[PDB]
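This report refers to the structure that appears directly beneath it.
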Amino acid sequence: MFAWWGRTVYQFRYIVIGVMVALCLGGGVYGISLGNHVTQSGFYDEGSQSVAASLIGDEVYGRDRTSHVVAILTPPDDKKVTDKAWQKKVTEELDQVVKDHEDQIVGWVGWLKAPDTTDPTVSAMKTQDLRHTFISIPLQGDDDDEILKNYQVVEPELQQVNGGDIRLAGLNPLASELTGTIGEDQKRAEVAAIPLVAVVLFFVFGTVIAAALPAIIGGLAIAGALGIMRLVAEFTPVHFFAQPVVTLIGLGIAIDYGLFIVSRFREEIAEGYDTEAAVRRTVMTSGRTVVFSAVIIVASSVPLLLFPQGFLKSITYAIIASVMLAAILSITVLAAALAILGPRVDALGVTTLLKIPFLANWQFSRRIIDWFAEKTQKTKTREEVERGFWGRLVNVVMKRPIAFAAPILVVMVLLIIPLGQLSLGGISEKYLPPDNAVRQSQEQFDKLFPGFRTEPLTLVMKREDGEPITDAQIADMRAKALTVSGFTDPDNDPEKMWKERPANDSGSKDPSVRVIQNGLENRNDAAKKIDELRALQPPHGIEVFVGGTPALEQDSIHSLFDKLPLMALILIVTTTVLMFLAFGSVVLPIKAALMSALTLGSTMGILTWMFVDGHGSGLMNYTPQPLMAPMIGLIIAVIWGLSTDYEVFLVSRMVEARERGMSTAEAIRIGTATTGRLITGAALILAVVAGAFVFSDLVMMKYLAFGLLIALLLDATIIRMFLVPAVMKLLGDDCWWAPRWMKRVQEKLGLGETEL
Ligand SMILES: CCCCCCCCCC(=O)OC[C@H]1O[C@H](O[C@H]2O[C@H](CO)[C@@H](O)[C@H](O)[C@H]2O)[C@H](O)[C@@H](O)[C@@H]1O
Ligand SMILES: CCCCCCCCCC(=O)OC[C@H]1O[C@H](O[C@H]2O[C@H](CO)[C@@H](O)[C@H](O)[C@H]2O)[C@H](O)[C@@H](O)[C@@H]1O
């Protein structure tokens with residue numbers, strides 16, 4: 001089957017290049033418009049109680065808008081706010097921008113709009129020393145995304161109010177900055193990573209145009225994937241976080257997927273096979289591996305569709321779309337271009353890259369001239385001594401494999417320890433580095449006049465009869481709520497608790513629905529209190545609902561842990577069963593799934609140490625805080641899909657030598673030493689693109705990027721060099737065992753192509 005495609009792609013090589021390069025280029029312009037039609041919501045359980053309790057709450061009583069924007073105004077010259085000239089100056093400016101932007105701003109409400117009012121909450125908007133005061137600026141827009149796009153329209157004119165001296169904080173200022181980091185490290189990754197992945201590409205090839213093709217494939221893959229996600233946006237919403245993931249993961253491993261097609265072809269040319277035959281021996285040894293690599297990542301990501309969060313559901317689409325397209329790009333495009341370039345792929349060399357003024361550029365001259373001087377000596381000689389070093393290192397391991405596996409085994413287990421302190425939370429201003437201008441304003445806002453920031457649990461009552469709800473009917477539900485201790489009462493009066501939620505001027509006050517809300521005492525108790533509140537029995541007609549941001553996160557935190565074992569099971573069994581089909585062996589997938597579970601578990605214990613306890617918060621500039629619930633579900637699906645893939649690389653060369661007649665140590669040594677340079681490049685290529693996104697201002701992007709760079713490092717070193725050879729030799733001849741029915745399944749399914 002795979003041999004059939006290798007021979008048809010050479011007979012049909014000109015038409016497959018034209019068809020595939022056109023589609024990846026067509027998605028380029030289409031992917032450019034994607035950056036505009038993208039939704040930010042999706043962190044809550046799309047279909048759940050706490051979620052649908054906010055739908056009814058925002059519908060009947062009205063979507064709250066007093067937290068869209070808050071603006072702290074301070075008069076200059078140490079003038080106090082009672083200065084009438086200052087009040088008239090700012091109020092005219094505030095009325096003007098509101099007058100200028102009708103389709104964006106709904107208005108501005110605050111103490112300045114009525115300087116002499118008796119409503120003490122509005123009166124408490126000023127400060128004590130009369131040095132500052134703030135306002136609320138509600139914004140238009142029906143959905144969450146429309147409101148932000150409106151704020152981004154009015155942000156410039158709103159900051160020049162009071163002559164610059166105005167502090168903008170609130171929900172929409174934060175959302176503008178958080179979604180703004182997506183494009184920042186996107187540029188950082190294109191200024192500092194695509195050159196470095198290029199210098200790693202010819203680090204492993206000794207040829208320029210050979211190195212260009214994985215970058216060409218890598219660049220082609222994201223251009224097609226970004227085109228797919230903009231098409232997907234027409235049906236169901238896509239998240240802002242999808243665009244970095246395609247670059248962080250899809251781009252890097254698309255180069256890796258192509259980094260294997262060029263090298264195996266050069267190895268086949270190095271043996272002495274002609275152009276027609278070289279594409280055949282590469283597809284069944286690299287293309288069959290690249291196909292199984294991506295399908296494994298697919299099988300390592302579809303169990304996230306079990307999770308309810310639309311945030312994760314959008315990501316798995318991009319991960320599926322990027323790696324499967326990159327794999328199809330690897331076989332269909334990269335193999336056909338090597339028949340067109342033919343044996344003259346290794347022609348240009350470094351000296352030809354020196355043609356255009358890459359030397360006039362500071363960085364590339366140093367990189368070019370080094371490869372030229374090393375071309376006559378260092379680049380070709382060091383490869384054999386490193387190939388020999390890779391072979392010598394493994395026999396130092398296999399000489400006393402227990403001496404290397406046992407210290408490695410105990411260390412990785414000792415790193416899973418901090419995972420027991422995994423605190424989970426939600427998005428807040430803390431997701432930004434504490435030196436941030438917006439975060440400090442929101443923090444100074446909260447420190448100036450406490451009591452406006454509230455995360456209250458809501459009780460949503462709804463009858464289906466349609467009759468209005470009596471005050472005695474409300475009194476019964478309000479009576480039951482007083483049994484669950486732990487809700488606030490600064491009034492110290494039990495009647496003053498669980499007030500009626502404010503009603504907006506935009507909600508059909510269907511009297512079948514009435515909602516009351518009160519603020520918790522300890523957010524940690526939410527998981528327990530919402531359980532207690534949901535445990536209360538409903539009224540003669542109505543059905544209760546527990547909502548608010550605590551119930552929203554605590555349900556999303558909960559919704560992860562339920563589907564997680566079913567995810568872990570589906571993930572483990574589908575990755576393991578796909579590795580057996582690839583290797584033909586059975587115990588290697590069972591062994592790899594251990595090492596994969598050994599790698600994934602150790603990495604999240606480091607992340608928990610440095611991100612929840614803050615061992616590194618002082619250096620990388622962030623603040624230790626409870627992690628995001630869908631994030632740990634994501635990073636589980638990623639590390640597994642990566643650890644599995646790099647083990648697919650190291651072992652697929654051993655099944656080649658084993659099924660070629662060689663001994664087990666021959667199979668291991670052939671596997672590790674012939675790849676010891678390839679995987680290290682693929683590791684560095686990702687460690688480059690991952691290193692870019694690690695400097696992100698968004699702490700959760702730091703989390704995903706560190707978890708990549710950490711586990712990717714362990715897969716390239718401790719597992720590839722040490723643990724795999726140590727554990728494999730203890731198996732000996734057992735490494736390749738397989739029941740015949742299990743084999744014949746692989747063999748007659750068109751995939752039992754064991755060796756060449
Ligand atoms: C089907 C899902 C519907 C869930 C209900 C959402 C409708 C509006 C709810 C509420 O009025 O405000 C929503 C919360 O917004 C912030 O939380 C985050 O919002 C998005 C993700 O949804 C995120 O991108 C943003 O950066 C966060 O600010 C507030 O923090 C919450 O307090 C609000 O409840
Ligand atoms: C790879 C497969 C591994 C599967 C392992 C599944 C283990 C499930 C563990 C359990 O479900 O979680 C226990 C509780 O953890 C949290 O409790 C704290 O979390 C935060 C912050 O500390 C907070 O929301 C909560 O109040 C804390 O007690 C969850 O929040 C709880 O819901 C879990 O029950």
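Please note that chains go A, B, ... in the order of the structure tokens, that every chain numbers its residues from 1, and that ligands are numbered from 1 in the order shown.
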Counting only C-alpha atoms, what is within 9 Å of region 122-129 of chain A, bar same-chain residues fewer than 6 positions away, as a count of residues only?
-> 11
Env. residues ligand 1 / 9 Å / only C-alpha atoms and all ligand atoms / as a PyMOL selection string = chain A and resi 39-48+50-55+57-58+63-65+67+143-145+170-172+174-179+240+310+426-429+454-455+548-550+552
Selection from above, N, CA and C atoms, as a compact mmCIF listing (two decimals), in the first residue's frame, can you write it?
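Final output, saved to selection_10.txt:
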# COMPACT_ATOMS: atom_id res chain seq x y z
N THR A 39 -13.51 33.98 18.37
CA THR A 39 -14.19 34.18 19.64
C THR A 39 -13.26 33.88 20.81
N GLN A 40 -13.40 34.67 21.88
CA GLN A 40 -12.57 34.52 23.07
C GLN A 40 -13.18 33.60 24.11
N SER A 41 -14.47 33.30 24.02
CA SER A 41 -15.12 32.52 25.05
C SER A 41 -14.93 31.02 24.79
N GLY A 42 -15.06 30.24 25.86
CA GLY A 42 -14.99 28.79 25.73
C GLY A 42 -14.35 28.08 26.90
N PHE A 43 -14.11 28.80 28.00
CA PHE A 43 -13.47 28.22 29.17
C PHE A 43 -14.45 27.58 30.14
N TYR A 44 -15.75 27.71 29.89
CA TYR A 44 -16.78 27.15 30.75
C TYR A 44 -17.45 25.97 30.06
N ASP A 45 -18.07 25.11 30.88
CA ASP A 45 -18.76 23.93 30.37
C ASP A 45 -19.96 24.35 29.53
N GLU A 46 -19.75 24.45 28.21
CA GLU A 46 -20.73 24.93 27.23
C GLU A 46 -22.16 24.54 27.59
N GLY A 47 -22.36 23.29 27.97
CA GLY A 47 -23.66 22.84 28.45
C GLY A 47 -23.59 22.34 29.87
N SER A 48 -23.89 23.21 30.84
CA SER A 48 -23.86 22.85 32.25
C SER A 48 -24.83 23.74 33.00
N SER A 50 -24.18 25.79 35.87
CA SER A 50 -23.64 27.11 36.15
C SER A 50 -23.56 27.97 34.90
N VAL A 51 -23.36 27.35 33.74
CA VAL A 51 -23.32 28.09 32.49
C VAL A 51 -24.72 28.54 32.08
N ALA A 52 -25.66 27.60 32.00
CA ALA A 52 -27.04 27.93 31.64
C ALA A 52 -27.76 28.71 32.73
N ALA A 53 -27.22 28.76 33.95
CA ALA A 53 -27.77 29.63 34.97
C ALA A 53 -27.41 31.09 34.72
N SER A 54 -26.30 31.34 34.03
CA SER A 54 -25.95 32.69 33.63
C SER A 54 -26.68 33.13 32.37
N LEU A 55 -27.05 32.18 31.51
CA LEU A 55 -27.84 32.51 30.33
C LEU A 55 -29.20 33.08 30.73
N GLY A 57 -29.90 34.20 33.68
CA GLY A 57 -29.64 35.38 34.49
C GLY A 57 -29.38 36.61 33.65
N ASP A 58 -28.55 36.47 32.61
CA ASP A 58 -28.29 37.59 31.72
C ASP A 58 -29.47 37.91 30.81
N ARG A 63 -27.86 41.50 31.02
CA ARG A 63 -26.41 41.31 31.07
C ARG A 63 -25.76 42.52 31.74
N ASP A 64 -25.06 42.28 32.85
CA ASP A 64 -24.43 43.36 33.58
C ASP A 64 -23.35 44.03 32.74
N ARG A 65 -23.32 45.36 32.79
CA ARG A 65 -22.36 46.13 32.01
C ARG A 65 -21.55 47.11 32.84
N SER A 67 -19.16 46.50 34.73
CA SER A 67 -17.79 46.04 34.86
C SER A 67 -17.07 45.97 33.52
N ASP A 143 -22.72 39.85 22.00
CA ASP A 143 -21.89 38.74 22.46
C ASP A 143 -20.61 39.26 23.10
N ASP A 144 -19.87 38.33 23.72
CA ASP A 144 -18.67 38.69 24.46
C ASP A 144 -17.63 39.33 23.54
N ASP A 145 -17.49 38.81 22.32
CA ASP A 145 -16.44 39.29 21.43
C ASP A 145 -16.75 40.69 20.90
N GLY A 170 -10.73 47.17 34.31
CA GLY A 170 -11.99 46.47 34.16
C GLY A 170 -11.86 45.26 33.26
N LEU A 171 -13.02 44.68 32.94
CA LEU A 171 -13.03 43.41 32.21
C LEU A 171 -12.47 43.57 30.80
N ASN A 172 -12.91 44.59 30.08
CA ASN A 172 -12.53 44.73 28.67
C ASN A 172 -11.12 45.28 28.48
N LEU A 174 -8.61 44.30 30.37
CA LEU A 174 -7.83 43.08 30.55
C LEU A 174 -7.93 42.18 29.33
N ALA A 175 -9.15 41.99 28.81
CA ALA A 175 -9.34 41.11 27.67
C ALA A 175 -8.59 41.61 26.44
N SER A 176 -8.47 42.93 26.28
CA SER A 176 -7.73 43.48 25.16
C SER A 176 -6.25 43.14 25.26
N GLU A 177 -5.70 43.15 26.48
CA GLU A 177 -4.29 42.86 26.66
C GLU A 177 -4.00 41.37 26.56
N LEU A 178 -4.88 40.54 27.11
CA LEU A 178 -4.65 39.10 27.08
C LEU A 178 -4.72 38.56 25.66
N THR A 179 -5.78 38.90 24.92
CA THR A 179 -5.82 38.55 23.50
C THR A 179 -4.78 39.29 22.69
N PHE A 240 -8.99 32.36 20.07
CA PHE A 240 -7.75 33.09 19.79
C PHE A 240 -6.53 32.19 19.96
N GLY A 310 -15.34 24.53 24.97
CA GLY A 310 -15.10 24.91 23.59
C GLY A 310 -13.71 25.43 23.34
N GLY A 426 -9.18 30.33 37.98
CA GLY A 426 -9.66 30.91 36.75
C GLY A 426 -8.81 32.09 36.29
N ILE A 427 -9.27 32.72 35.21
CA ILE A 427 -8.57 33.87 34.65
C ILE A 427 -8.78 35.08 35.55
N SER A 428 -7.73 35.89 35.69
CA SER A 428 -7.80 37.11 36.48
C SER A 428 -6.69 38.04 35.99
N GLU A 429 -6.56 39.19 36.66
CA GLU A 429 -5.47 40.11 36.34
C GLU A 429 -4.11 39.49 36.61
N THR A 454 -16.81 41.77 42.84
CA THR A 454 -17.60 40.72 43.46
C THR A 454 -17.70 39.53 42.52
N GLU A 455 -17.44 38.34 43.05
CA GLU A 455 -17.67 37.10 42.34
C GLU A 455 -18.79 36.34 43.05
N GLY A 548 -22.98 32.12 38.73
CA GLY A 548 -21.88 32.98 39.13
C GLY A 548 -20.53 32.39 38.75
N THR A 549 -19.51 33.25 38.78
CA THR A 549 -18.18 32.82 38.37
C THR A 549 -17.60 31.69 39.22
N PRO A 550 -17.80 31.62 40.54
CA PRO A 550 -17.33 30.42 41.26
C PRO A 550 -17.93 29.14 40.72
N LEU A 552 -19.18 28.71 37.88
CA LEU A 552 -18.72 28.56 36.50
C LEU A 552 -17.37 27.85 36.45
Could I get the residues of chain A with an atom no further than 7 Å from an atom of ligand 2, each paired with its nearest atom pair and that distance in Å to one decimal, using only C-alpha atoms and all ligand atoms, sorted by chain and residue number, as JSON lines?
{"residue": "A:422", "atom": "CA", "partner": "ligand 2", "partner_atom_place_in_ligand_line": "22 (O)", "distance": 6.5}
{"residue": "A:423", "atom": "CA", "partner": "ligand 2", "partner_atom_place_in_ligand_line": "22 (O)", "distance": 3.4}
{"residue": "A:424", "atom": "CA", "partner": "ligand 2", "partner_atom_place_in_ligand_line": "20 (C)", "distance": 4.1}
{"residue": "A:425", "atom": "CA", "partner": "ligand 2", "partner_atom_place_in_ligand_line": "21 (C)", "distance": 5.8}
{"residue": "A:523", "atom": "CA", "partner": "ligand 2", "partner_atom_place_in_ligand_line": "26 (O)", "distance": 6.9}
{"residue": "A:524", "atom": "CA", "partner": "ligand 2", "partner_atom_place_in_ligand_line": "26 (O)", "distance": 4.0}
{"residue": "A:525", "atom": "CA", "partner": "ligand 2", "partner_atom_place_in_ligand_line": "26 (O)", "distance": 5.6}
{"residue": "A:526", "atom": "CA", "partner": "ligand 2", "partner_atom_place_in_ligand_line": "26 (O)", "distance": 6.0}
{"residue": "A:527", "atom": "CA", "partner": "ligand 2", "partner_atom_place_in_ligand_line": "26 (O)", "distance": 4.9}
{"residue": "A:554", "atom": "CA", "partner": "ligand 2", "partner_atom_place_in_ligand_line": "24 (O)", "distance": 5.6}
{"residue": "A:557", "atom": "CA", "partner": "ligand 2", "partner_atom_place_in_ligand_line": "30 (O)", "distance": 5.7}
{"residue": "A:558", "atom": "CA", "partner": "ligand 2", "partner_atom_place_in_ligand_line": "32 (O)", "distance": 5.2}
{"residue": "A:561", "atom": "CA", "partner": "ligand 2", "partner_atom_place_in_ligand_line": "11 (O)", "distance": 5.0}
{"residue": "A:564", "atom": "CA", "partner": "ligand 2", "partner_atom_place_in_ligand_line": "4 (C)", "distance": 5.8}
{"residue": "A:565", "atom": "CA", "partner": "ligand 2", "partner_atom_place_in_ligand_line": "4 (C)", "distance": 5.3}
{"residue": "A:568", "atom": "CA", "partner": "ligand 2", "partner_atom_place_in_ligand_line": "2 (C)", "distance": 5.0}
{"residue": "A:626", "atom": "CA", "partner": "ligand 2", "partner_atom_place_in_ligand_line": "21 (C)", "distance": 6.2}
Just-selected residues, N, CA, C and O atoms written as a PDB file, in the first residue's frame:
ATOM      1  N   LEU A 422      -1.697  20.526  43.239  1.00  0.00           N
ATOM      2  CA  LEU A 422      -2.259  21.166  42.059  1.00  0.00           C
ATOM      3  C   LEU A 422      -3.513  21.960  42.407  1.00  0.00           C
ATOM      4  O   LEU A 422      -4.618  21.409  42.437  1.00  0.00           O
ATOM      5  N   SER A 423      -3.347  23.250  42.683  1.00  0.00           N
ATOM      6  CA  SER A 423      -4.477  24.149  42.862  1.00  0.00           C
ATOM      7  C   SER A 423      -4.921  24.676  41.504  1.00  0.00           C
ATOM      8  O   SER A 423      -4.092  25.035  40.663  1.00  0.00           O
ATOM      9  N   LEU A 424      -6.233  24.701  41.285  1.00  0.00           N
ATOM     10  CA  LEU A 424      -6.805  25.159  40.029  1.00  0.00           C
ATOM     11  C   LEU A 424      -7.650  26.402  40.269  1.00  0.00           C
ATOM     12  O   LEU A 424      -8.341  26.509  41.286  1.00  0.00           O
ATOM     13  N   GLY A 425      -7.576  27.343  39.333  1.00  0.00           N
ATOM     14  CA  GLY A 425      -8.329  28.577  39.427  1.00  0.00           C
ATOM     15  C   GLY A 425      -8.804  29.054  38.072  1.00  0.00           C
ATOM     16  O   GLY A 425      -8.833  28.277  37.113  1.00  0.00           O
ATOM     17  N   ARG A 523     -13.188  31.339  48.682  1.00  0.00           N
ATOM     18  CA  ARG A 523     -13.348  30.770  47.347  1.00  0.00           C
ATOM     19  C   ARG A 523     -13.016  29.279  47.322  1.00  0.00           C
ATOM     20  O   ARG A 523     -13.559  28.533  46.497  1.00  0.00           O
ATOM     21  N   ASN A 524     -12.152  28.822  48.231  1.00  0.00           N
ATOM     22  CA  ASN A 524     -11.836  27.399  48.300  1.00  0.00           C
ATOM     23  C   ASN A 524     -13.069  26.563  48.622  1.00  0.00           C
ATOM     24  O   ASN A 524     -13.204  25.439  48.125  1.00  0.00           O
ATOM     25  N   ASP A 525     -13.979  27.097  49.440  1.00  0.00           N
ATOM     26  CA  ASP A 525     -15.190  26.379  49.818  1.00  0.00           C
ATOM     27  C   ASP A 525     -16.197  26.264  48.684  1.00  0.00           C
ATOM     28  O   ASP A 525     -17.153  25.493  48.815  1.00  0.00           O
ATOM     29  N   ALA A 526     -16.007  27.003  47.587  1.00  0.00           N
ATOM     30  CA  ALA A 526     -16.983  27.018  46.500  1.00  0.00           C
ATOM     31  C   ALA A 526     -17.337  25.608  46.046  1.00  0.00           C
ATOM     32  O   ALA A 526     -18.518  25.252  45.953  1.00  0.00           O
ATOM     33  N   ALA A 527     -16.322  24.784  45.771  1.00  0.00           N
ATOM     34  CA  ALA A 527     -16.578  23.408  45.363  1.00  0.00           C
ATOM     35  C   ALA A 527     -17.452  22.686  46.381  1.00  0.00           C
ATOM     36  O   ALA A 527     -18.304  21.868  46.011  1.00  0.00           O
ATOM     37  N   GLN A 554     -15.786  26.256  39.110  1.00  0.00           N
ATOM     38  CA  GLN A 554     -15.834  25.004  39.854  1.00  0.00           C
ATOM     39  C   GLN A 554     -16.565  23.902  39.101  1.00  0.00           C
ATOM     40  O   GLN A 554     -16.317  22.720  39.367  1.00  0.00           O
ATOM     41  N   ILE A 557     -13.761  23.227  36.415  1.00  0.00           N
ATOM     42  CA  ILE A 557     -12.774  22.412  37.115  1.00  0.00           C
ATOM     43  C   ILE A 557     -13.298  20.992  37.290  1.00  0.00           C
ATOM     44  O   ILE A 557     -12.569  20.013  37.090  1.00  0.00           O
ATOM     45  N   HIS A 558     -14.577  20.861  37.648  1.00  0.00           N
ATOM     46  CA  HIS A 558     -15.166  19.541  37.845  1.00  0.00           C
ATOM     47  C   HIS A 558     -15.321  18.797  36.524  1.00  0.00           C
ATOM     48  O   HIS A 558     -15.007  17.604  36.440  1.00  0.00           O
ATOM     49  N   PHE A 561     -12.231  16.730  35.549  1.00  0.00           N
ATOM     50  CA  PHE A 561     -11.860  15.529  36.287  1.00  0.00           C
ATOM     51  C   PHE A 561     -12.754  14.336  35.976  1.00  0.00           C
ATOM     52  O   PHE A 561     -12.332  13.195  36.189  1.00  0.00           O
ATOM     53  N   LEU A 564     -11.617  13.018  32.490  1.00  0.00           N
ATOM     54  CA  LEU A 564     -10.168  12.823  32.431  1.00  0.00           C
ATOM     55  C   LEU A 564      -9.780  11.349  32.445  1.00  0.00           C
ATOM     56  O   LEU A 564      -8.952  10.946  31.608  1.00  0.00           O
ATOM     57  N   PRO A 565     -10.306  10.497  33.340  1.00  0.00           N
ATOM     58  CA  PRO A 565      -9.965   9.068  33.242  1.00  0.00           C
ATOM     59  C   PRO A 565     -10.404   8.440  31.931  1.00  0.00           C
ATOM     60  O   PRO A 565      -9.638   7.673  31.335  1.00  0.00           O
ATOM     61  N   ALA A 568      -7.842   9.743  29.653  1.00  0.00           N
ATOM     62  CA  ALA A 568      -6.591   9.035  29.893  1.00  0.00           C
ATOM     63  C   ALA A 568      -6.648   7.619  29.344  1.00  0.00           C
ATOM     64  O   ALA A 568      -5.691   7.150  28.719  1.00  0.00           O
ATOM     65  N   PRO A 626      -3.056  29.447  41.044  1.00  0.00           N
ATOM     66  CA  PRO A 626      -3.689  28.198  40.603  1.00  0.00           C
ATOM     67  C   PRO A 626      -3.853  28.166  39.092  1.00  0.00           C
ATOM     68  O   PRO A 626      -4.304  29.135  38.476  1.00  0.00           O
TER      69      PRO A 626
END
Skipping near chain neighbours, those fewer than 4 positions away, what residues fall within 8 Å of residue 299 (chain A) using only C-alpha atoms, listed as a list in words?
->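 Final neighbour list, sorted by chain and number: residues 295, 303, 571, 574 and 575 of chain A.
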Pull N, CA, C and O atoms from the residues just selected and write them as an mmCIF file, in the first residue's frame.
data_model
loop_
_atom_site.group_PDB
_atom_site.id
_atom_site.type_symbol
_atom_site.label_atom_id
_atom_site.label_comp_id
_atom_site.auth_asym_id
_atom_site.auth_seq_id
_atom_site.Cartn_x
_atom_site.Cartn_y
_atom_site.Cartn_z
ATOM 1 N N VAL A 295 -1.104 10.584 12.979
ATOM 2 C CA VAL A 295 -2.310 9.884 13.411
ATOM 3 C C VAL A 295 -2.264 9.604 14.908
ATOM 4 O O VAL A 295 -3.303 9.600 15.580
ATOM 5 N N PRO A 303 -9.429 12.667 22.368
ATOM 6 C CA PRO A 303 -10.085 12.554 23.683
ATOM 7 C C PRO A 303 -10.332 13.890 24.366
ATOM 8 O O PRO A 303 -11.008 13.915 25.402
ATOM 9 N N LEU A 571 -6.875 7.850 25.526
ATOM 10 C CA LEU A 571 -5.558 8.297 25.076
ATOM 11 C C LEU A 571 -4.544 7.160 25.128
ATOM 12 O O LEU A 571 -3.883 6.853 24.128
ATOM 13 N N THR A 574 -5.342 4.108 22.729
ATOM 14 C CA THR A 574 -5.282 4.404 21.302
ATOM 15 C C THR A 574 -3.858 4.700 20.850
ATOM 16 O O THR A 574 -3.479 4.358 19.724
ATOM 17 N N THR A 575 -3.058 5.341 21.706
ATOM 18 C CA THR A 575 -1.652 5.546 21.371
ATOM 19 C C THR A 575 -0.881 4.232 21.416
ATOM 20 O O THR A 575 -0.076 3.946 20.521
#
Considering only C-alpha atoms, state which residue in the set A:533, A:323, A:432, A:482 is at the smallest distance from residue 496 (chain A).
->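 Closest to residue 496 (chain A), using only C-alpha atoms: A:482.
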Nearby residues (only C-alpha atoms) at most 9 Å from residue 386 (chain A), same-chain spacing under 3 positions excluded, as a ChimeraX atom specification | /A:381-383,389-391,673,676-677
Within 10 Å of region 584-593 of chain A, counting only C-alpha atoms, which residues show up once you throw out same-chain ones fewer than 5 positions away? Write them as a PyMOL selection string, please.
-> chain A and resi 572-573+575-579+598-599+640+643-644+647-648+651-652+655+659+719+724+727-728+731+734-739+742-744+746-747+751-754
